[PDB]
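Working notes for the structure below.
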DNA sequence: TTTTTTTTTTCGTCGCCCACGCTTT
DNA sequence: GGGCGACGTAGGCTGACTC
DNA sequence: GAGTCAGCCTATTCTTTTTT
Ligand SMILES: Nc1ncnc2c1ncn2[C@@H]1O[C@H](COP(=O)(O)OP(=O)(O)NP(=O)(O)O)[C@@H](O)[C@H]1O
Ligand SMILES: Nc1ncnc2c1ncn2[C@@H]1O[C@H](COP(=O)(O)OP(=O)(O)NP(=O)(O)O)[C@@H](O)[C@H]1O
Ligand SMILES: Nc1ncnc2c1ncn2[C@@H]1O[C@H](COP(=O)(O)OP(=O)(O)NP(=O)(O)O)[C@@H](O)[C@H]1O
Ligand SMILES: [Mg+2]
Ligand SMILES: [Mg+2]
Ligand SMILES: [Mg+2]
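Chains as they are written, first to last, in the deposited numbering: chain F, 22 to 279, 281 to 336; chain E, 22 to 336; chain D, 22 to 275, 283 to 336.
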């Protein structure tokens with residue numbers, strides 16, 4: 022919420038920060054969250070330019086030791102976008118939370134993109150009846166973004182039309198390097214607007230196909246880590262929920278389970295860098311089962327939703 | 022689709038274009054959908070050259086953020102090919118869609134190569150009766166391409182008969198590889214003439230046999246993923262409909278099932294997420310099959326019914 | 022039908038061409054119909070030795086796109102061996118075509134080997150009478166190959182005798198492994214003389230007996246999906262007319285299902301179904317076929333093979 | 001003239017089988 | 001009705017025999 | 001009395017469920 026126009030001051034001109042702009046940084050909270058090395062590789066930045074930039078960015082960002090009675094009253098006003106369902110909102114104690122990565126893995130025909138389609142329409146509702154009012158972002162990397170399914174949920178939620186269809190930025194990631202450069206552009210839109218969501222559908226779809234052979238595994242999880250850290254600097258900067266959708270693999274070995283293995287794709291890189299992880303599952307007919315699979319404050323309980331003609335629901 | 026020669030400017034000499042055309046990059050929308058680490062693995066191309074290519078290609082291909090209103094206006098002009106059956110059409114809301122991979126699994130004699138023979142005569146129809154006004158590629162992998170069915174679906178409708186059999190490219194895949202190489206030779210054929218179909222008679226047929234499992238399960242699924250990736254590049258670059266046919270493996274146990282040989286598609290979880298829509302051809306009575314939408318991001322899970330008939334899939 | 026000796030060129034020494042003959046590959050076609058990954062596993066070929074094999078092979082045998090009107094004038098030269106009948110020759114549109122597998126399941130006594138004893142005599146008739154032109158090759162596996170039935174089918178079409186019995190190669194399977202190494206010695210005699218049929222009777226017979234239990238249902242169906250693949254190779258190069266004989270199990274759900289499962293049901297163009305009727309008259313219903321409608325007919329096993 | 005640091009990372013499902021058993025004036 | 005077992009368990013070396 | 005020829009740990013022990 023602070024563009025770099027309040028940092029082009031105090032012994033710093035705007036020409037040097039003009040380099041920061043094309044370096045990726047568009048916020049005062051984006052250079053302060055960045056280390057010395059990352060901003061020292063930029064052509065132009067002298068070590069002094071670097072230490073001055075950091076010390077003057079520290080001025081406008083709280084970087085210190087707060088108490089836990091001041092962090093409790095900052096998360097008592099956190100916005101929680103509601104999913105379409107009520108049995109899925111009770112399980113999550115309020116819908117997807119803002120300022121945290123929320124993975125949704127599952128296998129197929131489970132509802133990983135129908136939740137991401139009823140979330141891009143509820144995150145446009147007043148906070149008093151749903152999500153936090155603001156636009157959304159759909160970074161679709163599978164080809165499945167149906168705008169005809171947004172007008173179905175925005176016929177039950179009372180939202181009208183092309184208004185819903187308009188406050189949804191949509192981008193299509195074609196490879197694994199254009200996925201990560203589609204965020205240096207998203208951080209340019211989120212500061213000249215008010216977004217309240219960032220859906221990255223199948224965030225790990227273009228990793229299964231780009232890096233393959235076990236000789237490209239340390240080079241894949243060193244890119245996934247960068248991705249999920251760049252996606253964690255968008256959730257702390259502007260406070261936007263970051264639902265990321267994942268996939269599953271099948272460990273073909275000793276059962277040691279007695281049973282069908284799912285074990286979502288992405289190792290201990292997308293597992294240790296994710297706040298909540300919902301495990302969607304197939305059920306009888308149109309009913310699905312969503313089990314919380316990891317969360318710092320939520321019980322490991324189960325729920326029940328259904329993919330209606332209006333997105334997920336009851 | 023603009024050829025690679027279209028980007029030949031800005032200090033990109035013709036040798037670069039030529040050495041990019043030998044790696045399977047024949048379109049300017051095939052070098053902008055390619056990661057840099059894959060343009061680096063090409064002889065001659067260095068880091069600076071790769072960056073130059075990837076910068077001068079993103080100026081010729083739209084790569085950015087667009088609202089969901091200029092995507093709901095480029096999606097209302099999606100030509101949907103008729104499948105030959107009204108019931109099948111209603112279930113699929115109009116017919117196979119352009120720009121997507123549409124899988125069709127099911128046990129033997131269900132109809133998966135007859136909805137692949139009535140589909141390649143319908144894509145050559147005018148758009149007023151359902152079609153694409155183009156040609157129909159047919160990369161068959163099992164040897165069951167019979168052009169005497171394209172000469173009956175061409176009499177049910179009204180086409181000539183000698184002009185429907187001329188607008189059908191045919192190629193037989195003989196290995197797990199080669200099958201992909203046909204998709205690399207397919208970019209050449211599709212840049213020049215207008216194609217509107219990419220039928221693959223059995224994608225996961227040569228994967229079995231060529232791979233023995235467990236030992237090569239991992240290897241087979243990184244070769245299948247690199248096949249369903251070309252199938253998506255060709256679809257999102259040429260705007261064609263990549264129909265595709267799958268086989269079936271019976272869950273011998275563990276599935277903990279009960280009914281008759283519950284059957285699941287082969288291919289694992291890498292043909293399950295890659296495919297946009299999945300249709301399940303089942304069999305009923307004498308000449309009456311069943312079709313249930315397994316997976317689809319827009320279509321409700323329904324259940325239609327069709328008949329192989331003598332003039333191709335109908336009702 | 023090009024001996025692999027033709028590949029002996031461009032850095033292809035007799036060391037390499039020899040190396041190919043003891044792995045199975047005997048025709049240059051069989052090498053272009055072969056994955057890259059399979060070449061390295063053969064000893065002596067490491068990285069670019071294998072690649073160079075395929076590069077010159079791909080120029081000899083053509084593998085690429087072609088119009089579907091120059092495939093019609095390839096499907097109009099199919100030999101279509103007659104199965105010594107007329108009611109079974111109108112059900113099929115001219116008997117067993119060449120270049121495609123054809124399973125014939127049924128039950129005991131139906132006549133799956135009495136049609137394999139008529140397609141070993143009517144595959145040597147002149148192409149005018151309705152047969153092919155060459156030599157049958159019976160690969161029997163159950164032990165039922167009585168050569169007094171392919172001599173009483175020869176005293177019906179005017180064929181002399183011993184000569185009809187001189188063009189029918191024979192081999193017993195013995196094991197599930199011996200019957201797939203018999204397809205590698207068949208590719209050695211198809212490249213010299215002209216063969217027009219591979220009866221391979223009693224397939225999937227030593228699979229229900231050698232590989233037994235749900236424990237082997239995996240290695241049975243990747244040793245049967247490879248047998249049915251080597252069988253599709255000899256049907257593509259030499260244009261032979263591979264016939265296959267299945268058996269059945271009894272569905273105990275609540283009922284004659286052929287053995288093999290979804291492995292033998294998928295890798296098959298046409299698929300007949302013999303069934304016993306009254307007296308010596310059976311029923312042949314086309315289970316599966318990619319072009320031919322699904323109907324049924326009536327044949328009869330009289331004293332000279334399949335008759336009417 | 002010299003004087004050795006420093007680990008990283010998971011990925012991939014497959015293959016159907018086997019018939020039984022008379023009983024009722 | 002009731003049935004399960006399958007890498008990529010390598011490699012260096014203890015059991016064990018083999019001369 | 002070392003040569004092949006071998007059969008297994010250097011490390012343990014989670015999933016977690018559908019499908020008719
Ligand atoms: N000309 C025809 N007239 C009527 N029915 C036909 C005709 N040709 C084929 N059929 C029927 O269509 C059925 C389906 O054949 P096909 O479409 O090849 O099945 P499939 O599922 O593709 N088989 P496979 O590829 O071996 O798994 C056949 O089994 C026949 O019953
Ligand atoms: N309009 C609709 N009405 C009812 N049900 C629908 C509708 N659209 C989709 N569905 C159902 O919801 C599912 C949507 O697909 P979804 O489960 O979101 O894809 P996914 O799990 O991401 N699969 P993939 O991306 O291929 O791994 C379908 O399989 C249908 O069962
Ligand atoms: N010379 C003959 N004259 C008349 N009928 C004959 C003659 N030879 C055989 N048959 C009949 O043909 C039947 C079928 O034999 P065959 O073709 O071996 O059956 P099958 O079902 O293939 N046997 P199997 O392989 O054990 O399942 C015999 O059982 C006899 O009834
Ligand atoms: Mg979706
Ligand atoms: Mg077929
Ligand atoms: Mg027999």
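Backbone N, C-alpha and C fix where the C-beta goes; we use that ideal spot for every residue, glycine too.
- Annotation for residue 144(E): 102, 152, 153, 155, 156, 157, 217, 218 and 262 place their beta carbon closer than 8 Å to its own, counting only its chain and skipping 5 residues before and after.
- Residue state for residue 183(F) is assigned as helix, using DSSP reduced to three classes.
- Using a Cβ-Cβ cut-off of 8 Å, residue 80(D) does not count as an interface residue toward chain E, since no Cβ of chain E sits closer than that to its own.
- Out of 32(E), 324(E), 82(E) and 29(E), the CA that lies nearest to the CA of residue 194(F) is found in 82(E).
- For residue 255(F), same chain residues with a beta-carbon under 8 Å away, outside a window of 5 residues either side, are 204, 207, 208, 211, 219, 261 and 263 in chain order.
- For residue 268(E), the nearest beta carbon of chain D is closer than 8 Å to its own beta carbon.
- Here residue 128(D) has 269, 284, 302, 303 and 304 as same chain residues with Cβ atoms under 8 Å from its own Cβ, once five neighbours each way along the sequence are excluded.
- Those residues having their beta-carbon less than 5 Å away from any non-hydrogen atom of ligand 5 are, in chain order, 134(E) and 165(E).
- Not one heavy atom of ligand 4 is found less than 7 Å from the C-beta of residue 144(F).
- One thing to note: residue 148(E) has its Cβ within 8 Å of the Cβ of residue 100(E).
- Here the distance from the Cβ of residue 317(E) to the nearest heavy atom of ligand 2 is below 7 Å.
- Put simply, the backbone Cα of residue 140(E) is about 45 Å away from that of residue 110(F).
- Any Cβ of chain D closer than 8 Å to the Cβ of residue 106(E) would place that residue at the interface, and such an atom is absent.
- Residue range 253-258 is occupied by the alpha helix (DSSP H) that includes residue 254(F).
- If the five residues before and after residue 146(E) are omitted, its C-beta is found closer than 6 Å to the C-beta atoms of 152, all from its own chain and listed in chain order.
- Inter-residue distance for residue 188(E) and residue 319(D) is about 20 Å (C-alpha atoms, whole angstroms).
- Annotated three-state conformation of residue 263(D) is coil, per DSSP.
- Using beta-carbon distances, residue 85(D) counts as an interface residue toward chain E, with a partner under 8 Å.
- Residue 323(F) places its beta carbon less than 8 Å from that of residue 112(F).
- Under the three-state reduction of DSSP output, residue 327(F) falls in the strand class.
- For the stretch 294-308 of chain E, the residues whose beta carbon sits under 9 Å from a beta carbon of chain F are, in order, 294, 295, 296, 297 and 299.
- Distance from the CA of residue 131(D) to the CA of residue 106(D), rounded to the nearest whole angstrom, comes to 16 Å.
- Within the same chain, Cβ atoms closer than 8 Å to the Cβ of residue 68(F) are found at 61, the five residues on either side in sequence being excluded.
- Counting C-beta atoms within 10 angstroms of its own C-beta, residue 39(F) has fewer than 16 neighbours from the protein chains shown and is therefore classed as exposed.
- Residue 292(D) places its beta carbon less than 8 Å from that of residue 249(D).
- In this structure, ligand 2 has no non-hydrogen atom nearer than 7 Å to the beta-carbon of residue 249(E).
- When the Cα atoms are used, residue 119(E) and residue 108(F) turn out to be separated by approximately 37 Å.
- Straight through space, the alpha carbons of residue 138(E) and residue 182(D) are spaced by roughly 46 Å.
- In chain E, no part has a C-beta under 7 Å from the C-beta of residue 336(F); the shortest such distance is about 17 Å.
- Contact residues of the stretch 194-212 of chain F toward chain E are 195, 196, 197, 198, 199, 203, 206, 207 and 210 (C-beta to C-beta distance below 8 Å).
- Residue 259(D) is a Cβ neighbour of residue 22(D), given a cutoff of 8 Å.
- Below the 7 Å Cβ cutoff, chain D contributes 89, 92, 93 and 96 as neighbours of residue 168(E), in chain order.
- The Cβ of residue 129(F) sits closer than 8 Å to at least one Cβ of chain E.
- Residue 196(D) has its alpha-carbon roughly 9 Å from the corresponding atom of residue 228(D).
- Per DSSP, residue 238(D) lies in no alpha helix (DSSP H) and is assigned neither H nor E.
- A distance below 8 Å separates the beta carbons of residue 124(E) and residue 267(E).
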